[PDB]
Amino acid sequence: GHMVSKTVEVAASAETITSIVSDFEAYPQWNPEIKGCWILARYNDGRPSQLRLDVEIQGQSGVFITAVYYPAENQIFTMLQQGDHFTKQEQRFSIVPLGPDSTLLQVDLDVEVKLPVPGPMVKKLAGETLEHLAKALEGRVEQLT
């Protein structure tokens, strides 16, 4: 079980969506499956380079220690360093402008689990995570608009 992807159109500008995806410590305010987030380290330009995320994995609480990379202007790439449940979690956000106030958010999620869970079930659970993330982001956009 491995890479799943989700594209969703959001009713906000590309810079607003990039700001939401980049405001990691505000994740618990609008994402139900992230209960806490702490910036552990920052690059020399101040951008967060390492995070702690308190997450809910199928209802279990879990802790992720994650590295953050910035491939391009409207792109964010996170890489799990050590976490509960998963041996690998690589997530790429790509923010593609549509119109002045509309944006395509494209999310790739790349996971490997510690327990020998069957392939289709891993991709189903990762797809559900992206489905919920998109709905949570929609709510955050409406709250700020």
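One-based numbering along the sequence shown.
Engineer: Which is higher on mean Cα B factor in this entry, 93-101 or 45-53?
Structural biologist: So the stretch with the higher mean C-alpha B-factor is 93-101.
Engineer: On mean Cα temperature factor in this entry, is 108-116 or 65-73 the higher one?
Structural biologist: Mean CA B-factor is higher for 108-116.
Engineer: Looking at the C-alpha B-factor values in the deposited entry, which of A136, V21, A14, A126 comes out highest?
Structural biologist: Answer for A136, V21, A14, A126: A14, with the highest C-alpha B-factor.
Engineer: By the entry's C-alpha temperature factors, tell me which of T78, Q82, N31, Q58 sits highest.
Structural biologist: So the option with the highest C-alpha B-factor is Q58.
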